[PDB]
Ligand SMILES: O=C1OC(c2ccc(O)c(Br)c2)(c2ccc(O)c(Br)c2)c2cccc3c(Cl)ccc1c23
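Below, in structure tokens: the form solved without the named molecule, a single chain.
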């Protein structure tokens, strides 16, 4: 993608040296915003081949309020194994906070149902937010939420969504964050009979790890290909009723995969 390759160059040209939590160096810029009109095509990176199946299985896990690695494992998805303990528990991360924010008075708040109720009944709200940054439970979480917070917006039957991402690995982590949330705008939109608007990504500490320089330099050598088209085959009874088989990406012809290694 263009907005994305523009950011990569930016972290290289403008980024300061800064360190990882007692680890690797980074080139760090703070605060950046990109916009994706989702009507122009689905924002899956074409400059390295990304695989959507992990993304999908992860989102449907989140919407189930699920926080144990069992679902992912039953479908060979291994992207949260690192964080899990022996029992597969990740603590009260995303899925638990999206579907059951614990109140001090004993309730569990379903932020995803609230959000659909708002988009359906009060589409002009400025409060259509869902949040994962619960300060009360940050000590129990496997890691603190990267995609801390997001907000929905409705103007002219188009639904947009802004995500704030407190920490971003531009190389590995950002193609995945964009495809995951952009998918959710499409599912949300379908459920509310709204057209898709814009995905706006806003980040805090946006970085490139020092040992991904070669791989970035290679990705910047590639001209972006046309964005693919996301088709959803079925209209489920609700947002908690979508299946992996429901989505297909048409016309995705990326350049090859690039791997990027991490220190331990």
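Residue numbers count along the first chain shown, from 1.
As for the form solved in complex with the named molecule, it is not shown, yet the points below apply to it.
Counting any non-hydrogen atom inside 4.5 Å, which residue from 172, 161, 188, 112 sits next to the named molecule in the bound PDB entry? Contact with the named molecule in the bound PDB entry is made by 172 alone.
Heavy atom within 4.5 Å of the named molecule in the bound PDB entry - residue from 82, 156, 193, 139: Partner contact (heavy atom, 4.5 Å) among the options: 82.
Can you work out whether residue 202 and the named molecule are in contact in the bound PDB entry, taking contact to mean some heavy atom pair no more than 4.5 Å apart? Although the named molecule is absent here, residue 202 would stay clear of it in the bound PDB entry, with no heavy atoms inside 4.5 Å.
Does the 4.5 Å heavy atom contact test between residue 2 and the named molecule in the bound PDB entry come out positive? Looking in the bound PDB entry, residue contacts with the named molecule do not include residue 2, since no heavy atom lies within 4.5 Å.
For residue 150, is any heavy atom within 4.5 Å of the named molecule in the bound PDB entry, or not? Although the named molecule is absent here, residue 150 would stay clear of it in the bound PDB entry, with no heavy atoms inside 4.5 Å.
Look up in the bound PDB entry whether residue 103 has a non-hydrogen atom within 4.5 angstroms of the named molecule, and give yes or no. The answer is no: residue 103 has no heavy atom within 4.5 Å of the named molecule.
Looking at the named molecule in the bound PDB entry, is some heavy atom of each of 78, 259 and 262 within 4.5 Å of it? Yes, all three are in contact.
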